[PDB]
Amino acid sequence: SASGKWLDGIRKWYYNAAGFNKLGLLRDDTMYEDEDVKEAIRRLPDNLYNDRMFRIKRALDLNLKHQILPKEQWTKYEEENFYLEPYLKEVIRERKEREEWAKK
Amino acid sequence: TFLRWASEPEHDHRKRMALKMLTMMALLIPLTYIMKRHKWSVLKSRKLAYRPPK
Amino acid sequence: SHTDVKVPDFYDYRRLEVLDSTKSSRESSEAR
Amino acid sequence: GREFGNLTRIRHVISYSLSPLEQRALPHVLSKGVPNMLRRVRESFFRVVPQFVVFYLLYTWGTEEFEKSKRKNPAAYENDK
Amino acid sequence: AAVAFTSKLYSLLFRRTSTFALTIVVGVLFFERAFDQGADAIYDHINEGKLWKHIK
Amino acid sequence: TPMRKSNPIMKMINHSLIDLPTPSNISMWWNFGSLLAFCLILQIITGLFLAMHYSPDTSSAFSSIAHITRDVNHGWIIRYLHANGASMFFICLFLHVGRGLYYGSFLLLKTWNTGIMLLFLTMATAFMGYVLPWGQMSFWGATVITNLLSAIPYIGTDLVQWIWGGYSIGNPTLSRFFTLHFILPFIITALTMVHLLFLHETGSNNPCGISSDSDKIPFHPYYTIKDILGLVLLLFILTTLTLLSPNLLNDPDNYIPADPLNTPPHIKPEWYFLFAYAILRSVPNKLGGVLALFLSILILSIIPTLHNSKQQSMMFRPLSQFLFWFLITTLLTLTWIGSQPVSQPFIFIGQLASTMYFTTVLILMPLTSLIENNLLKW
Amino acid sequence: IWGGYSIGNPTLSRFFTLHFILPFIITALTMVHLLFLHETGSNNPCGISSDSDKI
Amino acid sequence: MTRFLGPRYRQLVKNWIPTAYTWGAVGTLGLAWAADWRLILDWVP
Ligand SMILES: CCCCCCCCCCCCCCCCCC(=O)OC[C@H](COP(=O)([O-])OCC(O)COP(=O)([O-])OC[C@@H](COC(=O)CCCCCCCCCCCCCCCCC)OC(=O)CCCCCCCCCCCCCCCCC)OC(=O)CCCCCCCCCCCCCCCCC
Ligand SMILES: CCCCCCCCCCCCCCCCCC(=O)OC[C@H](COP(=O)([O-])OCC[N+](C)(C)C)OC(=O)CCCCCCCCCCCCCCCCC
Ligand SMILES: CCCCCCCC/C=C/CCCCCCCC(=O)OC[C@H](COP(=O)(O)OCCN)OC(=O)CCCCCCC/C=C/CCCCCCCC
Ligand SMILES: CCCCCCCC/C=C/CCCCCCCC(=O)OC[C@H](COP(=O)(O)OCCN)OC(=O)CCCCCCC/C=C/CCCCCCCC
Ligand code: HEM
Ligand code: HEM
Ligand SMILES: O=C1C(=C2CCC(c3ccc(Cl)cc3)CC2)C(O)=C(O)c2ccccc21
Ligand SMILES: O=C1C(O)=C([C@H]2CC[C@H](c3ccc(Cl)cc3)CC2)C(=O)c2ccccc21
Ligand SMILES: [Zn+2]
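Protein chains in written order, with the entry's author numbering: chain G, 8 to 111; chain D, 272 to 325; chain a, 79 to 110; chain C, 2 to 82; chain E, 2 to 57; chain J, 2 to 379; chain j, 164 to 218; chain h, 2 to 46.
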């Protein structure tokens, strides 16, 4: 039903309003590094880790220079990669399992 | 006028003194701003690159 | 390997005091 | 503890810099800085300003109302005698 | 080649830290007096006729 | 090794403000802590001088200040500087708090809690200085603030009489105000050192809310000159306030000495307090009013607990930003209401502003954070 | 230091302000004193090194 | 929290109840003795 197109519309609006794409950043780059997120980052393979580090340094440099990327290079909503989500879900499952053991 | 003077004797000398030290504090702003800009130009023009073996 | 190295150009930022080149290098340094 | 020898692990990033005495301190103001400030104002205008406009309307209304309340009502003397 | 003003200024005065410091004390001695005199002149001039120094 | 690193005192200085790793990208909002410290130092110096001419006795306090401002050489400007420095101190304090609310730096729990302690201490200090001139406003301010403990149900009245040292406000209370006002600033100093000790174990947050360990620069020379620039600006403003327009923030009713038999028709505290006053005015019940008064500040301690967002900073969170600025306008509204008589329009407006303040902190922000999370699909 | 031609009222308030503030400077310097001490540890009556019998 | 609902936590709380009310007795009697609180001390023979 149409409701899918409608919700995706508002979601795209919110994404462009947030503006981390103007700095060349992915969504999974912008998470705060709590305990689980750090453990998920530990699990990444080397290529993803290095790409993430450079992207973040580049955003920091731009922010230092009160500037943004050219529009041609902004991250687009329809071709983004949630590279960290899978690892995070596993980390959280493991912690939940341990908790559940601890109450018996 | 006399009650004005009775309430605030430091009036004239205060304005006298304002001219001086305000001129000075106004002068010191652009100078220190220049010094800041000088020290920060190193970072403001920095260029990065990423070169993985791929 | 490395041999492909080249610093990108900084023309926009450099001082005119060295672009107006009619004076030995070290004397310029002194003026700046 | 935290010290410039072992903060994080990075690979394959190259940097380039000039010395301060080689370059200008205020290189391009009116050709680059001014438009940048303009867009920087544009990107935040509607997230900050309307709330303050509403505050201004509320303030003026409340002042006017309080000042009306202090004026004598003719019906308080004209109505019955 | 071009003996220019700021280069002479660097080489004679600013190259050595002690002499830089000496230059600074010498400059402040004279700046203080010149600056005071100018300010007092302006002030006196803004409100002639109203100060008791002259009414005396 | 260099001497910079040869010795514990020197090495602590070095880890504090020479080789400390700072974020490259922090903005002007991070200058206000150093300005706070500067203000504390200014206040202590000007206070130690004033102290040597003031009289903590109800039969000469007023006249001792007259003596200071008329006969002591340049005593008037020392007075002016003290009074205006307090105002600057609170301006910086408010801006300093607001930064941390916006950029999510409350997740540094120890620093945040020590900050709340410092806020409380500074307010106490400022108020106990405000009553020393023994003018007409000072007296009734004292009276109200010391009657506040009567609201404690079982032991309150006795606490009031034990703080007064008698049946009423009087000479024995003024010396207590003066001893406490003398000692508190130094406790503030010590706790500031603890505050920074806690900070330097983690380092500074930044505007983007992401980890900056890939782009740290040293504190010296960059932030040394930056903070010096900030200080120059603060001094320009302070001088213009002291010499060009000294009466801007001044109150005439405190140039009338104290009269225990008459409260003036129009009552108004110092500006940095108005908002609390408004809150206190808004509850038709004594105990409830005092409780609200104290909760208005104590509520900061549970902001870390109500945090739902995946991201730390509001830089990338627009709905959040909208609410933030609405909260700031509520506080402006309380400040404006505090200035007005206790009459009906302002009564009603103040009650709405108070309910919206607590509402916003406790309910609206958490829920908007959840909506935001759902819009980004996590 | 007198604040006048002789000992008088202006001097007593100076005595009192200074007597109020000094003890706290003493406190801070005491902390520095002990900081310095704990880098080496206590000497003892015999004047020989006690690192074989520390408690 | 929601984590601390379960059997072990119930058992663990039961283990410490007595010590808890004993420390409560200590604090109450001490407060009363320290503030010469007549409301409690008038009942001590
Ligand atoms: C008789 C008394 C005389 C007194 C004389 C006083 C003279 C004072 C001189 C001061 C000079 C300062 C120079 C500082 C240089 C520092 C350089 C630097 O690095 O700066 C970085 C710093 C910014 O830092 P940053 O790293 O970018 O980080 C900040 C943000 O994070 C960045 O985030 P962002 O990028 O998202 O933000 C973008 C945008 C965000 O934009 C927005 O949010 C939107 C704004 C829209 C505004 C639209 C217009 C207004 C609203 C209208 C709306 C419609 C109404 C409709 C009504 C309808 C009703 C029906 O913000 C800006 O760009 C702000 C720039 C302007 C800053 C202005 C600062 C004002 C200071 C005032 C001081 C007052 C006290 C003086 C002493 C008084 C003593 C009595 O500032 C600048 O870059 C600007 C520098 C230039 C500032 C000049 C200020 C001059 C003020 C003169 C005041 C004179 C009048 C006084 C009156 C007193 C009354 C009592
Ligand atoms: C806010 C004001 C009012 C406060 C009132 C306070 C009420 C509570 C008072 C309790 C006093 C007794 C507590 C004993 C706790 C012993 C714990 C312990 O480790 O003991 C074993 C330890 C070590 O013993 P040990 O090592 O030999 O062996 C212990 C081993 N077990 C337990 C197995 C036997 O003993 C001590 O060294 C304890 C010294 C305690 C000193 C307390 C001094 C009195 C201070 C409080 C009274 C004064 C209040 C003044 C109020 C004035 C108001 C106006
Ligand atoms: C009589 C009128 C007044 C006269 C005043 C004269 C003095 C004027 C001001 C002079 C300021 C000092 C300038 C010279 C400082 C030299 C410091 C020095 O040599 O020490 C550097 C070296 C640096 O350490 P490292 O990093 O380990 O070095 C390794 C290098 N690879 O040593 C140090 O650590 C610093 C030591 C500092 C010593 C400072 C001595 C100051 C003496 C001041 C005397 C003032 C007398 C005033 C008299 C007044 C009338 C009674
Ligand atoms: C003598 C009388 C004094 C009266 C009281 C004075 C203090 C109160 C002053 C209130 C007005 C303050 C206005 C400050 C300028 C606002 C400029 C603005 O809107 O800019 C938005 C711009 C947007 O930037 P970013 O989101 O980071 O992204 C840009 C990078 N791409 O900057 C910000 O949003 C930064 C906001 C930082 C916090 C500002 C806080 C201001 C108010 C603080 C004090 C309020 C009272 C106390 C609040 C806390 C109470 C518990
Ligand atoms: C006398 C009062 C205070 C002094 C002297 C003081 C001093 C400082 C200084 C110098 C810094 C260094 C970083 C900066 O300037 O931003 C700082 C950081 C900080 N202050 Fe305080 N502060 C005071 C009160 C407060 C209050 C009232 C709060 C909160 C309610 C607070 C919370 C913080 C936090 C969270 C940081 C670190 C945040 C970050 O780095 O992102 N402080 N403070
Ligand atoms: C955070 C630090 C301080 C703050 C916020 C503060 C604040 C104030 C304020 C608001 C006043 C009243 C101003 C007026 O009536 O015009 C005052 C007065 C006074 N303060 Fe301070 N003060 C501080 C530190 C000190 C210290 C350390 C001393 C040490 C003796 C001191 C001594 C005095 C004296 C003697 C007065 C009365 C003189 C007068 O009213 O002009 N103050 N203080
Ligand atoms: O200004 C400081 C700062 C400090 C600098 C020195 C100041 C200071 C104040 C008074 C004296 Cl007598 C000496 C130094 C205190 C604040 C400090 O510790 C930080 O960690 C920090 C981080 C980011 C941006 C600014 C700062
Ligand atoms: O009626 C009041 C009044 O209510 C307060 C109040 C303002 C808020 C103060 C306050 C107390 C605690 C905190 Cl955390 C903050 C502010 C307490 C005194 C005054 O300051 C005052 C001054 C002069 C005359 C009358 C009055
Ligand atoms: Zn003067």
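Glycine included, C-beta positions come from ideal geometry on N, C-alpha and C.
Residues near residue i in its chain [Cβ-Cβ closer than 8 Å; skip 5 each side]
{"i": "residue 243 of chain J", "result": "78, 81, 82, 85"}
{"i": "residue 110 of chain J", "result": "305"}
{"i": "residue 118 of chain J", "result": "192"}
{"i": "residue 375 of chain J", "result": "none"}
{"i": "residue 4 of chain C", "result": "none"}
{"i": "residue 81 of chain G", "result": "28, 29, 31"}
Residue i at chain a interface by Cβ criterion, 8 Å
{"i": "residue 7 of chain E", "result": "yes"}
{"i": "residue 35 of chain E", "result": "no"}
Short CB-CB distance (under 8 Å) between residue i and chain C
{"i": "residue 275 of chain D", "result": "no"}
{"i": "residue 247 of chain D", "result": "No answer is possible for residue 247 of chain D: the residues shown for chain D start at 272 and end at 325."}
{"i": "residue 147 of chain J", "result": "no"}
{"i": "residue 347 of chain J", "result": "yes"}
{"i": "residue 260 of chain J", "result": "no"}
Exposure label - residue i; buried when at least 16 CB within 10 Å
{"i": "residue 16 of chain E", "result": "exposed"}
{"i": "residue 63 of chain J", "result": "buried"}
{"i": "residue 13 of chain G", "result": "exposed"}
{"i": "residue 325 of chain D", "result": "exposed"}
{"i": "residue 22 of chain C", "result": "exposed"}
{"i": "residue 282 of chain D", "result": "exposed"}
{"i": "residue 18 of chain h", "result": "exposed"}
{"i": "residue 97 of chain J", "result": "buried"}
{"i": "residue 28 of chain G", "result": "buried"}
{"i": "residue 73 of chain G", "result": "exposed"}
{"i": "residue 345 of chain J", "result": "exposed"}
Same chain, Cβ closer than 7 Å to residue i, five either side skipped, listed in chain order
{"i": "residue 291 of chain J", "result": "149, 152"}
{"i": "residue 65 of chain J", "result": "54, 55, 56"}
{"i": "residue 95 of chain a", "result": "106, 109, 110"}
{"i": "residue 73 of chain J", "result": "54"}
Cβ shell of residue i (< 6 Å), same chain only, five flanking positions each side left out
{"i": "residue 322 of chain J", "result": "315"}
{"i": "residue 284 of chain J", "result": "290, 293"}
Neighbour flag for residue i against chain E, beta carbons, 8 Å
{"i": "residue 293 of chain D", "result": "no"}
{"i": "residue 102 of chain a", "result": "yes"}
Cβ of residue i within 8 Å of any chain D Cβ
{"i": "residue 95 of chain G", "result": "no"}
Neighbour flag for residue i against chain J, beta carbons, 8 Å
{"i": "residue 280 of chain D", "result": "yes"}
{"i": "residue 67 of chain G", "result": "yes"}
{"i": "residue 31 of chain G", "result": "no"}
Chain G contact for residue i (CB, 8 Å cutoff)
{"i": "residue 37 of chain C", "result": "yes"}
{"i": "residue 13 of chain C", "result": "yes"}
{"i": "residue 324 of chain D", "result": "no"}
Chain j contact for residue i (CB, 8 Å cutoff)
{"i": "residue 9 of chain J", "result": "yes"}
Open item on the list: Output needed in chain order: residues of the stretch 37-64 of chain G with a Cβ under 7 Å from some Cβ in chain J.
Closed with: 37, 38, 39, 40, 60, 63, 64
TODO: Check each residue of the stretch 298-321 of chain D: if its Cβ is closer than 7 Å to any Cβ of chain a, include it; give the result in chain order.
DONE: 316, 318
Task: Uninterrupted alpha helix (DSSP H) stretches inside the stretch 76-164 of chain J (no shorter than 4 residues) - done: 76-104, 110-131, 137-148
Open item on the list: If we require 3 or more residues per run, which beta strand (DSSP E) segments fall completely within the stretch 178-258 of chain J?
Closed with: 217-219
TODO: Can you give me, in chain order, the residues of the stretch 80-97 of chain a that have a beta carbon less than 7 Å from any beta carbon in chain C?
DONE: 85, 86, 88, 90, 91, 92, 93
Open item on the list: Against chain G, which members of the stretch 318-350 of chain J pass a CB distance test of less than 9 Å?
Closed with: 318, 319, 320
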